[PDB]
Structures are given as structure tokens and as C-alpha cells.
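Asker: Taking PDB author numbering, I'd label the letters of the sequence shown as residues 1 to 129. The beta-carbon is built from N, C-alpha and C at its ideal position, and this holds for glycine as well.
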Amino acid sequence: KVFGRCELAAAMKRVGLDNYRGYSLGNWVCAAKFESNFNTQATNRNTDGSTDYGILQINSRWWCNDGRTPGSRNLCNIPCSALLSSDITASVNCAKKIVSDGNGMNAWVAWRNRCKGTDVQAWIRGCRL
Numbered sequence: 001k002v003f004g005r006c007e008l009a010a011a012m013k014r015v016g017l018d019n020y021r022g023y024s025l026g027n028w029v030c031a032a033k034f035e036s037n038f039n040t041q042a043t044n045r046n047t048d049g050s051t052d053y054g055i056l057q058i059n060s061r062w063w064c065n066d067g068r069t070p071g072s073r074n075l076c077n078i079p080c081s082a083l084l085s086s087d088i089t090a091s092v093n094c095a096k097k098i099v100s101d102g103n104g105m106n107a108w109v110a111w112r113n114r115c116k117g118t119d120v121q122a123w124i125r126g127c128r129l
């Protein structure tokens, strides 16, 4: 599923992401935009052989098990395919573990390079949340 901007904002808020660990909703919507373009089915392979999954492009090396990443840790206890669902709950739950990880949202390279320090409030502008 390809979410609309405000639709995703509302789904994320409902599942408790707004200000989770100090990160406003605009941060999460911005990250989804640049990581997957709001598409739950997005997958991208990495150079080390691991693969990024879903709306938040969660990496198979540490977070999920895709059965093809030798030595993956699967810290979120889920098959990576679960992250491609039209229901963002699993992705959000795993993201909550990642952001609590100590590095914050810097774990997401697109957030660091394209969202960090920008007026992320523009991302939820006009939405009825």
C-alpha cells in the first residue's frame, strides 16, 4: 500500500509515534517519505547482502529475519515480510525498538541527510490528526 501524507500521519499518531523518544510526527512522516516514498512494499538490497524492508526500510542484518542474511540478529523477532504489510503496526513496533537503540533517528540515513534540521512540521501541515 502507498499511503497518502496525512493518512500515514494519522496512522502513525494512532499507534503512538508522535513524540516517541522526543521525535515529533513530522520527523517520522519525513523519514517514511525519503526511505520508501510511503510504499509499504518497498525493498532495497544493501552492499553487505542485507536488505531493507518496508515503509521505514528496516534492515535484515539486525532487526528482522529474511532467511538470507548470514548472521542476522533479528532483534524485533519477525520475518522481514511482515514489515511489508498494509498495516504499519509491525513496522512501527520495530522502529520503536530501533529509535530507542541509542543513536535515535540517525539510524535512518535518509532522515539524517534529508530531514534532520529541516522544518519537519511542514510534513503534517494541513492534516486532520
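With DSSP as the reference, label residue 106 as helix, strand or coil.
Answerer: The answer is helix: DSSP assigns residue 106 an H, G or I state.
Asker: Please classify residue 68 as buried or exposed, where buried requires at least 16 other C-beta atoms within 10 Å of its C-beta.
Answerer: Classification of residue 68: exposed, given that the 10 Å Cβ count is below 16.
Asker: Are three or more beta carbon pairs between the stretch 50–68 and the stretch 78–90 nearer than 8 angstroms?
Answerer: Yes, the stretch 50–68 touches the stretch 78–90.
Asker: Apart from the five residues just before and just after residue 8, which ones in its own chain have a Cβ nearer than 7 angstroms to its Cβ?
Answerer: Closer than 7 angstroms at the Cβ level, and outside the excluded window around residue 8, lie 29, 32, 38.
Asker: May I have the straight-line CA-CA distance separating residue 27 from residue 58, to the nearest angstrom?
Answerer: Roughly 16 angstroms separates the two Cα atoms.
Asker: Drop a sphere of 10 angstroms on the beta-carbon of residue 42, count the other beta-carbons inside from all chains shown, and report buried for 16 or more, exposed for fewer.
Answerer: Residue 42 comes out buried.
Asker: Beta strand (DSSP E) containing residue 125: first to last residue?
Answerer: Note, residue 125: premise wrong, no beta strand (DSSP E); not H, not E.
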